[PDB]
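In structure tokens, the next block holds one chain alone, the form deposited in one PDB entry.
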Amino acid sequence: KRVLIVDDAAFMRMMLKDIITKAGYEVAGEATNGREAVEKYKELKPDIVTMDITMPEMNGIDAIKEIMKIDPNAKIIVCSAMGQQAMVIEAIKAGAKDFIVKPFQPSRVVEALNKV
């Protein structure tokens, strides 16, 4: 299953890519902010996206909304430090399928990939 990893932190993108590949998924690409995420989603058409919230230019909520427009069946797991109730509600409302708060343990990423 091909995954696009979206996060502005080079280290996070690095560790997620490592977990995803070792769990048997294929890393399709990476994006570093919300605009790029929509750009890459169009280009790559991944099966699954992992989505940070706090990013320069355009945040994760708006990128979710943008990808859902491109593809109503997009499968997006949020992976963010912004684990407040109101942010989880907003991300799920926008169309994400799952939400993992940072710091997280790697098994929760795996089950989220499976779930979608």
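Rigid core: the largest C-alpha set superposing within 1.5 Å between the two forms. The numbering used is simple: start at 1 and walk along the sequence shown.
Below: the form deposited in another entry, not depicted.
Measuring CA movement between the shown form and the other one with the rigid core aligned, the set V27, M82, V38, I61 has one residue at 2 Å or more: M82. In that other deposited form, the Cα-Cα separation between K97 and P56 shrinks by 3 Å or more relative to the displayed conformation. Compared with the form shown, the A96-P56 C-alpha separation decreases in that other deposited form, the change being 3 Å or greater.
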